[PDB]
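The data below hold one chain only, encoded as structure tokens and taken in the form deposited in one PDB entry.
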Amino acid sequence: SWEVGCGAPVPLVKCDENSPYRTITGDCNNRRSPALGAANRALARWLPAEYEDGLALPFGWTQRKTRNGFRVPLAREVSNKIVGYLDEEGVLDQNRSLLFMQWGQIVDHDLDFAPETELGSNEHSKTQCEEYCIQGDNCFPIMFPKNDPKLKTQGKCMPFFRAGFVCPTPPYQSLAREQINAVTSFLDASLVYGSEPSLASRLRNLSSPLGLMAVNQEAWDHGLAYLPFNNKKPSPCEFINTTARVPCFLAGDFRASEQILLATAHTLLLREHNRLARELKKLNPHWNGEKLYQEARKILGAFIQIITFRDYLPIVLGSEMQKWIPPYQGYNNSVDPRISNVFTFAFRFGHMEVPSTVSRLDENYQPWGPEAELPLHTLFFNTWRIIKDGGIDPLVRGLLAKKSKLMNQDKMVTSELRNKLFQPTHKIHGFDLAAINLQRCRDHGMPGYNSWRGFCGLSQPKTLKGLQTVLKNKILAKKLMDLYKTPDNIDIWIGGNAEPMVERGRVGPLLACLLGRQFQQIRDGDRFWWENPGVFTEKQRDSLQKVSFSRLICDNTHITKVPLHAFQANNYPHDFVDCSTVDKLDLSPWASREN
């Protein structure tokens, strides 16, 4: 027997089936199996889960219990000995702009979100976890090793709560624990519109019938829109500067304000929806509000797909791209489009691409004022620097003109994220994203590094010398052996990211495999993929292949000079051209005559 029975919180709807538009939840994409790839279902498992008790407890929960005969090393200790470095000189990617990093986070937020178990506020378990580092139920603390400076300064532990899971969330249920994906698995701009009907409707402007999204009423960026403010107090974005009291932004995805460049990207997309809707009204004065919203929505979703598959993936995957993602042959209704649990850790390669500072540049692409360059840690949940300190254009220019960090085996994750991460629930700039990622691998029941190497048809090193050869690094292999004892025990997040990069790419072979298969599936298993015959007309498709990120900047900012290939490293002024040189999106193929 399978167990396709269980499935409790879900939002079930009736499928229209002749609708030319996606649902908000992702239901009804697959006609035979309507819940496939919908939000608020379990992440898929390409391999069976690996928990300490076979069902739900993570490896490292019970100290007595080993993994393959060895204790698993503390997440924070792996972080200290392997992931950290001091010297930011020499660490930048010479042929990837900052936007390369930032597009990755957008795509990843469209595809997956496994929220923490909540149980609501008004609980003393949030105190008990934070205050006393007491493991149990959903509290699974990251303990500091001996000689950690955070011991002196912070406490015994970083609090950490286990991820939510399907059926029930309070008393559990049986078998193997399966984490939830709270967004739609399809690349569909769910991060802009929401993955739930409640939220999607709240994001819309339903006073006017122009199919527009709601915009801020308290603040303008030289007459351009800002996202609306989120309702909710306590607001993490006002906590970081109680004098400015600028709240977080409200968007289709809950993490939109996590850092300032993510909020910036979200603002561009909202702007583009409104631009598109008002252009479509011009051409089709008879279209109602709904039709404008959906039709703009459909274009925007196609834009994300195109940028992602044409410009971004080839420069992640490099020479592996063709091997995993062959040319499109049409919609395949037998393909599983769901995001897999392991993908949500594979795609965290981006954490190693984040540099330590962010810049604001002026109209000649020069430092914008005296405090132009800011440490990244001051910009988590920071909206006041947008509203009170220049709007988005200076941040957008920095995206274009500055570089991503290069993954480096000796310099993996900046300290801005490794020691000074801010979490919305808590009050300190003191968390470790690397340690959280490792702890989360265990929370989610990840098989180890060698299981995934075998999955991908790659060799499985068993010795120090085997690991040296795969990593092509003696010192890194040895530090890994001293902590983990067997390469079978190496957590997937760090194992995958430790491999040298493939030719023309920015991930290694294991990751290229994991990423590559996932992206093949969400393309092939999507009935509304933009090239799937009948989704758009030939002439609409012809118009859509001219989109570029550069054009999106030009249309939705006051920036006049942009590069043509925004993801590669570009110098000002030589690589910068005037916006009037950049191909526009021609919307005349959306004109709808009567007679």
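Heads up, when I say rigid core I mean the largest set of C-alphas that superpose within 1.5 Å between the two forms. Note that residue numbering begins at 1 and tracks the sequence as displayed.
The stretch 327-335 shows the higher mean C-alpha B-factor when 327-335 is compared against 97-105 in the entry. Legend: mean Cα B-factor per stretch from the PDB entry, 443-451 versus 358-366; the higher mean is in 358-366.
Highest C-alpha temperature factor among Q63, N30, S550, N40 per the entry: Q63.
The residue among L119, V192, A163, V91 whose C-alpha carries the highest B-factor in the deposited model is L119. Ranked against the other modelled residues of its chain, the C-alpha B-factor of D526 as given in the entry falls in the lowest third.
Sort the modelled residues of the chain by CA B factor and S235 lands in the highest third. Sorting the modelled residues of the chain by their CA temperature factor places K152 in the highest third. Residue-level temperature factors show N68 in the lowest third of its chain, judged at the C-alpha atom.
Looking at the C-alpha B-factors along this chain, the one for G252 belongs to the lowest third.
Just so you know, the form deposited in another entry exists too; it's not on screen, but the next bit is about it.
Looking at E123, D482, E131, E363 after a core superposition between this form and the one not shown, you find that only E123 has a C-alpha shift of 2 Å or more. Comparing the forms between this form and the one not shown, the C-alpha position of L587 differs by less than 2 angstroms, with the core used for superposition.
For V13, a C-alpha deviation of 2 angstroms or more is recorded between this form and the one not shown after rigid-core alignment. The pair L203 and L12 is at least 3 angstroms farther apart at the CA level in the other entry than in the present model. Whereas the displayed form keeps them at a certain spacing, the CA atoms of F254 and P11 lie at least 3 angstroms farther apart in the other entry.
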